[PDB]
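Take a look at this single chain in structure tokens; it is the form deposited in one PDB entry.
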């Protein structure tokens, strides 16, 4: 049967979840226990962590604008997600999504990671660009598996200490 329910108007769904598409929640997964992880991400939200996804990530910026800070060819690059833009991110490309606008909405689609395929979350030194800290995780639930990770990094000067120049990363806010 239709395990995930019948079709429904997306724009309306987005409007109805506006209160969740802003701090402190910021995002909302559309269907539960599905192989395709379908999420709508709002704003505003800025972050310093870079994601290392073992699988591809699909983006469709439905409302507003956002951008992805990346590490392409060993260089800090930016991929803009202007309203109406779609994008497919190859596996492992380091990315840090920035969503400055309130009312913005981006459809983001990923796949459930199989046992043994880990996601990486890392931070880089704003001084020398060296890797500061990396945590690998078997991502099962973003709600319970991710927040503590980021929190443990912000609360630790040790984890935030660059092993190259000794500069202590700011943590939560750049």
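Basically, rigid core = biggest C-alpha set you can superpose within 1.5 Å across the two forms. Numbering follows the first chain given and starts at 1.
Absent from the display: the form deposited in another entry. The rest refers to it.
**Student:** Identify which of 164, 22, 17, 159 has its C-alpha displaced by 2 Å or more between the shown form and the other one once the rigid core is superposed.
**Tutor:** Spelled out, the residue whose C-alpha shifts by 2 Å or more is 22.
**Student:** When the two forms are laid on each other by their rigid core, does residue 127 show a Cα shift of 2 Å or more between the shown form and the other one?
**Tutor:** No; that C-alpha moves by less than 2 Å between the shown form and the other one.
**Student:** Core superposed first: is there a CA shift of 2 Å or greater at residue 115 between the shown form and the other one?
**Tutor:** Shift at residue 115: below 2 Å after core fit.
**Student:** Please say whether, between the shown form and the other one, the C-alpha of residue 142 moves by 2 Å or more once the core is aligned.
**Tutor:** Where the cores coincide, residue 142 still shows a C-alpha shift between the shown form and the other one that is 2 Å or more.
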